[PDB]
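Below: the structure, in structure tokens.
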Amino acid sequence: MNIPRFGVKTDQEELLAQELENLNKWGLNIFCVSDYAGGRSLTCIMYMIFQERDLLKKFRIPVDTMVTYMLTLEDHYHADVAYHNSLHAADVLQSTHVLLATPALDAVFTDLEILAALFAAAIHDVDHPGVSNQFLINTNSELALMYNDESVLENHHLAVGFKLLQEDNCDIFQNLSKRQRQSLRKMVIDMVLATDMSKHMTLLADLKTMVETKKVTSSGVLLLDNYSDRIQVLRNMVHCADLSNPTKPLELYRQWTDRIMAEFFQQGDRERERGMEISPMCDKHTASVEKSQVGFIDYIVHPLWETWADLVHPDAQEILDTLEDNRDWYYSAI
Amino acid sequence: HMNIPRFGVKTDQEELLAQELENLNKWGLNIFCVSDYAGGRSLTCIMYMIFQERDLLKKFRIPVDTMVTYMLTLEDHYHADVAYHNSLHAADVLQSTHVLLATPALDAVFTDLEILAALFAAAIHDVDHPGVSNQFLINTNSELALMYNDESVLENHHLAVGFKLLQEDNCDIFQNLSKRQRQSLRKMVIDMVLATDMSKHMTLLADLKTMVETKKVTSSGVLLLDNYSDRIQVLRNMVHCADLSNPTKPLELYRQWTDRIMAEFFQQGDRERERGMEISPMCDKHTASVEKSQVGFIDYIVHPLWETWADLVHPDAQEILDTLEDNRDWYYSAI
Ligand SMILES: CCCCOc1cc(C[C@@H]2CNC(=O)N2)ccc1OC
Ligand SMILES: CCCCOc1cc(C[C@@H]2CNC(=O)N2)ccc1OC
Ligand SMILES: [Co+2]
Ligand SMILES: [Mg+2]
Ligand SMILES: [Mg+2]
Ligand SMILES: [Zn+2]
Ligand SMILES: [Zn+2]
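Printed below as a string of structure tokens:
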């Protein structure tokens, strides 16, 4: 198979090259990347992130195996889901890539831990059906039964992500040792399960406790002594990345908002057709797009990022300012 | 439990939908219009209307709310981003089957249970289709090809999904069938859905042809099928004909069907090319003749199938055959 310059075929290589200049920045526009990559934002961004961090050489991952797996992974996100499609995966992965580079975390994580974080981020919503856990529980679906109603989707994303390693020429981890594969798998499971919003309040309270007794070295770089603390930081980092839409430039944030509301509204419509209770914010006749975002920021997103900014102080100050400006925009657009 | 709309589904174009639905029992029904006027819920709409039309809810004691919940659940398991094998195709095949069941030469031949089975089989026959052929699933070593030992991989999956969905909340439309009836329906549905696997076409058609050559007709010119073997044979071919009915519909619909199957094929080809796989037949957008392919499809598969069907039901399908021949000419003179 052909391995194109940026991992995917493109009719607009120069415009794509120009956006990829921003690979390592919060200000990257993944929507442009997606347009210029013919819809393959996940395969493109993951290829580039992997080349950037030299991960193929570091783990002896054959390049065609990497691309085969990434295409397979991307193909198992549904294009007909308005928000939880591969563009969201790509965005969360890219955001995780930037967050990994934060100065307060310099030289803290091993390449294996980094590998785990990025893989977790890429697979974290694979095969999302565009309806919430509660919808699967209320319909008595096979998936809710399979996972005892507990983190139904997050369990499924993990099973699908690892299972796809078994399709032809897809085992990107073939050259990791046993201990390496086991440690990565354990870390990935931990990170993806922590993306379940029902764990959000628990996650935030523990992040706070950890921040209270944080240790900094000479130059304000974090000291993470033990596994427990390292995976705590990584699970919260992927969570922050998942909830990073309101921290991005308003132009991008507004596109993410339209997408989530389209997805929620379609769920609400399906609920109404089936005689089910309509889930929170899923009723198009009564929901306010702008008020929902304000409440979302005030009670979920800002308290999370404020605690994160505390952890990595002063590295995330800008994100917090942006977050405050965006709250104000939605508050005024009411 | 829920308030059942007049035509089974919510609509802001109720009168336009009512007009199209007058053609429910006809080959000339335009399902694309039904879809537009039923907010994209073609499968739920048409299936509801057919079940009322044949009084199947009362005959099998199927609660309406249960029927509707199942139908919406089934239709939602067809993918919208798949150009051809979406719920519109299922709606189409179901409605065609419904018309083929009513064909004068088959009058009083099938029980209500056999009719229920045929319609259920048609409605579920492609559910959860990923938009790629069996060979793509086999070549990629997918979980499904492994489960089913590379044999009718998709068709087995359609069956598994269609049946499993009965177990979702308030979805068991067969709750009031007896145990014998359930077993018999299950078996018939399996045979019909598996017969939609194109690698079976040759044997289905050879079997149908043999039946035509020794067919028995009653007093009125109505077909005589004494035994089950013959009946499931005709049902299998009927659902296969319906699945292969696009070239037999008015040209305007047939052309839309062709546009859709090529978009789906080219997408598969694009994915094969990305993966460095050998590109499946007619899936290369760079080197394909849409018109020749349609001509080949009719010449080698569709016309021998429909000619043999028309011979079985003679003369009820004469018009279907004429349209087919005219549509073939069009794609031929459009080469
Ligand atoms: C309904 C509006 C209030 C919430 O908005 C959003 C909510 C999410 C959370 C989704 C749901 N569960 C998740 O794991 N992620 C993401 C982006 C949003 O807006 C841009
Ligand atoms: C590639 C063009 C030649 C074939 O065209 C068609 C082929 C099908 C058959 C599909 C493929 N497998 C099936 O089980 N059903 C249906 C409609 C078509 O066109 C209108
Ligand atoms: Co899809
Ligand atoms: Mg998720
Ligand atoms: Mg099929
Ligand atoms: Zn997510
Ligand atoms: Zn079909």
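Taken in order, these protein sequences are the chains called B and A.
If you want the entry's author numbering, it's the position in the first sequence, counting the first as 1, plus 288.
If you want the entry's author numbering, it's the position in the second sequence, counting the first as 1, plus 287.
The beta carbon of each residue, even a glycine, is placed where N, CA and C say it ideally should be.
Nearest to residue i (by Cα), restricted to the options the options
| i | options | result |
| --- | --- | --- |
| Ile566 of chain A | A:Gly556, A:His573, A:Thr574 and A:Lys572 | A:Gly556 |
| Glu539 of chain A | A:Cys320, A:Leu308 and A:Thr356 | A:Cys320 |
| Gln339 of chain A | A:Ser383, A:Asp413, A:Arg328 and A:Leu311 | A:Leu311 |
| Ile425 of chain A | A:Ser439, A:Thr331, A:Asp323 and A:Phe584 | A:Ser439 |
| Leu472 of chain B | B:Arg615, B:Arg518, B:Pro537 and B:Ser374 | B:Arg518 |
| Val414 of chain B | B:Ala305, B:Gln422 and B:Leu452 | B:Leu452 |
| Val504 of chain B | B:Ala395, B:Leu330, B:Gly449 and B:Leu608 | B:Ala395 |
| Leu592 of chain B | B:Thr610, B:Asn421, B:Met489 and B:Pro537 | B:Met489 |
| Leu531 of chain B | B:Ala305, B:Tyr515, B:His376 and B:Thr356 | B:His376 |
| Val600 of chain A | A:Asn514, A:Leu388 and A:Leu361 | A:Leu388 |
| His444 of chain A | A:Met475, A:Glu455 and A:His412 | A:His412 |
| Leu492 of chain B | B:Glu362, B:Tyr587 and B:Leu381 | B:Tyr587 |
| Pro417 of chain A | A:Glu401, A:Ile402, A:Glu442 and A:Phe397 | A:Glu442 |
| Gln543 of chain A | A:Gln300, A:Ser506 and A:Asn317 | A:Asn317 |
| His527 of chain A | A:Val476, A:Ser620 and A:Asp459 | A:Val476 |
| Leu433 of chain A | B:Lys487, B:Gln454 and B:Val380 | B:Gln454 |
| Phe552 of chain B | B:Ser374, B:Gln470 and B:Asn421 | B:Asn421 |
| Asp299 of chain B | B:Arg328, B:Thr390 and B:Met289 | B:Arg328 |
| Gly449 of chain B | B:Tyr619, B:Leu359 and B:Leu510 | B:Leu359 |
| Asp456 of chain B | B:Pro391, B:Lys502, B:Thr356 and B:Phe423 | B:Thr356 |
| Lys346 of chain B | B:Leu403, B:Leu431 and B:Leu381 | B:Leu403 |
| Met289 of chain A | A:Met354, A:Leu343, A:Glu309 and A:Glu301 | A:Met354 |
| residue 233 of chain A | A:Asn436, A:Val386, A:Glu309 and A:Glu362 | The requested residue 233 of chain A is not part of the displayed model; chain A covers only 288 to 622. |
| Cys458 of chain B | A:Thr535, A:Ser429 and A:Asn436 | A:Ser429 |
| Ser576 of chain B | B:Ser506, B:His590, B:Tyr619 and B:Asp609 | B:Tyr619 |
| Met336 of chain B | B:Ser374, B:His364 and B:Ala378 | B:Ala378 |
Where the alpha helix (DSSP H) through residue i begins and ends
| i | result |
| --- | --- |
| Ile477 of chain A | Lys466 to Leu481 |
| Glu307 of chain A | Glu301 to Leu308 |
| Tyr357 of chain B | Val351 to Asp363 |
| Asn614 of chain B | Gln605 to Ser620 |
| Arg560 of chain A | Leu538 to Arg562 |
| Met334 of chain A | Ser329 to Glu340 |
| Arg518 of chain A | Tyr515 to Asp530 |
| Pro591 of chain B | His590 to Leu599 |
| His376 of chain B | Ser374 to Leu388 |
| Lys451 of chain B | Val440 to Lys451 |
| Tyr324 of chain A | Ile318 to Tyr324 |
| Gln581 of chain B | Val577 to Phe584 |
| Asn436 of chain B | No alpha helix (DSSP H) holds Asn436 of chain B; DSSP gives it neither H nor E. |
| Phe407 of chain B | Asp399 to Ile411 |
| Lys346 of chain B | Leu343 to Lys346 |
| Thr501 of chain A | Here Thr501 of chain A belongs to no alpha helix (DSSP H), and DSSP marks it neither H nor E. |
| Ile425 of chain A | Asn421 to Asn426 |
Point to revise | Sequence-ordered residues whose beta carbon comes within less than 6 Å of a heavy atom of ligand 7 | key: A:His376, A:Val380, A:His412, A:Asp413, A:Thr483 and A:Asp530
Check your understanding: Taking a cut of 8 Å between CB atoms, which residues from the region 414–442 of chain B lie near chain A?
Key -> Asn426, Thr427, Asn428, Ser429 and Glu430
Review point. Name the residues in the region 353–378 of chain A whose C-beta lies less than 9 Å from a C-beta of chain B; which are they?
Key: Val355, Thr356, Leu359, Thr360, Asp363, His366, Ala367, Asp368 and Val369
Point to revise | Near-chain A residues of the region 446–461 of chain B - C-beta to any C-beta below 8 Å | key: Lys451, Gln454, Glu455 and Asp456
Review point. Which of the residues in the region 560–579 of chain B, read from start to end, lie with their CB under 8 Å from any CB of chain A?
Key: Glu561, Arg562 and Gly563
Check your understanding: What residues sit near ligand 2, counting only those whose C-beta is closer than 5 Å to one of its heavy atoms, in chain order?
Key -> A:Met485, A:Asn533, A:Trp544, A:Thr545, A:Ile548, A:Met569, A:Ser580 and A:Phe584
Exercise for review: Collect the residues with a C-beta less than 6 Å away from any heavy atom of ligand 3 and give them in sequence order along the chain.
Suggested key: B:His366, B:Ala367, A:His366 and A:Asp368
**Study point:** Near-chain A residues of the region 333–347 of chain B (beta-carbon distance less than 7 Å), N- to C-terminal order
**Key:** none
Check your understanding: Would you call the region 487–505 of chain B and the region 462–471 of chain B in contact, with 3 or more CB pairs under 8 Å?
Key -> no
Practice item. Could you please tell me which residues of the region 527–548 of chain A, in chain order, have their CB closer than 8 Å to any CB of chain B? Key: none
Check your understanding: Can you find at least 3 beta carbon pairs, one from the region 344–358 of chain B and one from the region 571–586 of chain B, that sit closer than 8 Å?
Key -> no
Review point. Quick check: the region 603–618 of chain A against the region 575–588 of chain A, are there 3 or more CB pairs under 8 Å?
Key: yes
Point to revise | Members of the region 461–476 of chain B that neighbour chain A once the beta carbon cut-off is set at 9 Å | key: none
**Study point:** the region 294–306 of chain A / the region 321–332 of chain A touching (three or more Cβ pairs under 8 Å)
**Key:** yes
Exercise for review: Mind the definition here: the region 389–408 of chain B touches the region 474–482 of chain B only if three or more C-beta pairs lie below 8 Å; say whether that holds.
Suggested key: yes
Exercise for review: Decide if the region 541–550 of chain A is in contact with the region 600–609 of chain A; the criterion is three or more beta carbon pairs, one per stretch, under 8 Å apart.
Suggested key: no
Point to revise | Cβ pair count under 8 Å reaching 3, the region 300–307 of chain B against the region 355–372 of chain B | key: no
Point to revise | Contact list for the region 475–495 of chain A against chain B, Cβ threshold 8 Å | key: none
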